[PDB]
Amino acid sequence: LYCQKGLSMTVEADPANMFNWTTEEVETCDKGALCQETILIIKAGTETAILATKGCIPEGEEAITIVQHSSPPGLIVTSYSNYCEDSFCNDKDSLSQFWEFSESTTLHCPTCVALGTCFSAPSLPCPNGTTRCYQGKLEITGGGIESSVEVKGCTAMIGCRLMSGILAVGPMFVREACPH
């Protein structure tokens, strides 16, 4: 078994539906391994953090798993994970299917997303249906991803639940914590 191999952690001012999940490299799996491609997409205002991993994983169930962790209005978090058992099967290139990333009471909320800590988080007018401000940090380990992501923005979600308690995202483990 051979798998597309690549690792990418970026914050884009450009939409997710122009991200190219290109991988040049391939790698050889131990026997009984799977191919995985896993991506976590976090949009705050006009910026999108994209944490993406492709390679062999020694064990797992063949499955495609799409999770809409947070839906509009406001902060949007989607993950896609494909665990597949044919050589080169982890070949996804486009995120165009995730149109959540293509777009009375007004909330103004500090807005940012950053690898590490946000340089700045200006308070911006929130999309209609927002009821509160979110501030959190995601500590991510697994699949060769090691990062903290700071996230502030607009939401109608209750509590510290940007990930909706779905903390396993293919081989990544995402620990979500908020200020108080």
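One-based numbering along the sequence shown.
Problem set entry | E103 to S104: deposited residues without atomic coordinates | Per the deposited record, the segment joining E103 and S104 lacks coordinates for 4 to 9 residues.
Problem set entry | Mean C-alpha B-factor comparison - 149 to 157 and 112 to 120, higher one | Result of the comparison: 112 to 120.
For this session: Could you settle it for me: does 30 to 38 or 45 to 53 have the higher average Cα B factor in the PDB entry?
Result: On average, C-alpha B-factors are higher across 30 to 38.
For this session: Check the PDB entry and point out which of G60, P125, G136, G129 has the largest C-alpha temperature factor.
Result: The listed residue with the largest C-alpha B-factor is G60.
For this session: Could you say which of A16, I166, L162, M172 has its CA atom at the highest B factor, as listed in the PDB entry?
Result: So the option with the highest C-alpha B-factor is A16.
Exercise. Looking at the C-alpha B-factor of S71, is it in the lowest, middle or highest third of its chain?
Worked result: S71: CA B-factor falls in the lowest third of its chain.
For this session: Could you tell me which third, lowest, middle or highest, the C-alpha B-factor of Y80 occupies within its chain?
Result: Ranked within chain, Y80 CA B lands in the lowest tercile.
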